[PDB]
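Next comes just one chain, in structure tokens: the form solved without the named molecule.
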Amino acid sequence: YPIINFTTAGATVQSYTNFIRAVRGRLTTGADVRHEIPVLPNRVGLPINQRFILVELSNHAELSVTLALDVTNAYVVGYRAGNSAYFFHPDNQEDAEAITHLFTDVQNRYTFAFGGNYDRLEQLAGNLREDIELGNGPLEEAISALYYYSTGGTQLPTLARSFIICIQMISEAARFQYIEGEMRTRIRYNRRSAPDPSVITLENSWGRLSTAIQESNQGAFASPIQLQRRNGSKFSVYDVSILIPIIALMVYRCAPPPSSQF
């Protein structure tokens, strides 16, 4: 599977930008674009040899871990650190079989009894996303935390917190130029801060936005989607147009209707 590298060591807006751009480049194929927004490969009919991509993360502490991302949703399904690999609890038998194709040479394979969704991870971390700082510092720390898990150096709450950090700074950033921008800003000013409502609501609405855009009538949503601004106030989305600078890719929801141009 394709590998994209990134290190928090001496990270800059440009190096992070290159990283996210490369990740998106391995996620979408260009075969499916709707209203100018790329769609991820459809799970249905997708060959296993094209199912995952790997993100090799390194940090200033000279530690490295490899995250595995599912190309169908850009989400993290597991990771490898040294001679051990850990996978989030699969949703079904097909996915359980699919992950056996990852880190096949690792000496110790483990599947967590818990899933990688935020609800579950927040419960295990003992903190909500709104209370977990993001930025290059948090990522640097998260990489070390993931690395030290197999030896008992990392407690479960810290592990979960670290997953929450990685997922948002990699998966959500790949999904939304807006979130990529949020991380770029944190890097530019070496600031670590929790995601505000605009970030949280986008993360929570990615699936719905993907469906709304794909089911839209020439871009017009059948029903509006409510997002939130930085101050928590409502922002109504009625059309795909307002999302062009915001969402970078979508999960496949339905087949694109015929061109049907006038």
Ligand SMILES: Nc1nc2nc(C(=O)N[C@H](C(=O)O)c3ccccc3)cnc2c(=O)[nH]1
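Note that residue numbering follows the sequence shown and begins at 1.
Enquirer: Mind pulling up the entry and telling me whether 30-38 or 202-210 has the higher mean Cα temperature factor?
Expert: Mean B over CA atoms: larger for 30-38.
Enquirer: Going by the mean C-alpha B-factor recorded in the entry, which is higher: 161-169 or 96-104?
Expert: Per the PDB entry, the higher value belongs to 96-104.
Enquirer: For the CA B factor values reported in this entry, which option in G137, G153, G116, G181 has the top one?
Expert: In the PDB entry, the greatest C-alpha B-factor among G137, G153, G116, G181 is found at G153.
Enquirer: Highest Cα B-factor in the PDB entry belongs to which of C254, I246, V251, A22?
Expert: Of the options given, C254 has the highest CA B-factor in the PDB entry.
Enquirer: Would you check the entry's CA temperature factor for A194 and let me know if it's in the chain's lowest, middle or highest third?
Expert: For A194, the deposited C-alpha B-factor lands in the middle third.
Enquirer: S223's Cα B-factor: lowest, middle or highest third of the chain?
Expert: Highest third, going by the recorded CA B-factors of the chain.
Enquirer: Would you please rank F176 by its C-alpha temperature factor against the other modelled residues of its chain and give the third it falls in: lowest, middle or highest?
Expert: Lowest third - that is where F176 ends up once the chain's C-alpha B-factors are sorted.
Enquirer: Taking the entry's C-alpha B-factors for this chain, is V44 in the lowest, middle or highest third?
Expert: Tercile = highest for this residue's CA B-factor.
Enquirer: Is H60 in the lowest, middle or highest third of its chain when residues are ranked by C-alpha B-factor?
Expert: According to the entry, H60 has a C-alpha B-factor in the chain's middle third.
Below: the form deposited with the named molecule bound, not depicted.
Enquirer: Is it true that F88, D91 and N117, all three, sit within 4.5 Å of the named molecule in the bound PDB entry, judged by heavy atoms?
Expert: Every residue of the spot touches the named molecule in the bound PDB entry.
Enquirer: If we define contact as a non-hydrogen atom of the residue within 4.5 angstroms of the partner, is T29 a contact of the named molecule in the bound PDB entry?
Expert: No - in the bound PDB entry, heavy atoms of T29 and the named molecule never come within 4.5 Å of each other.
Enquirer: Even though the partner isn't displayed, in the bound PDB entry is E133 close enough to the named molecule, meaning a heavy atom within 4.5 Å?
Expert: Although the named molecule is absent here, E133 would stay clear of it in the bound PDB entry, with no heavy atoms inside 4.5 Å.
Enquirer: Would you classify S84 as touching the named molecule in the bound PDB entry, given a 4.5 Å non-hydrogen atom cut-off?
Expert: Answer no; every heavy atom of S84 is more than 4.5 Å from the named molecule in the bound PDB entry.
Enquirer: Would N204 count as a contact of the named molecule in the bound PDB entry, using a 4.5 angstroms cut-off between non-hydrogen atoms?
Expert: So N204 counts as contacting the named molecule.
Enquirer: Going by heavy atoms, what in 64-96 lies within 4.5 angstroms of the named molecule in the bound PDB entry?
Expert: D70, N73, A74, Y75, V76, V77, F88, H89, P90, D91, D95, in sequence order.
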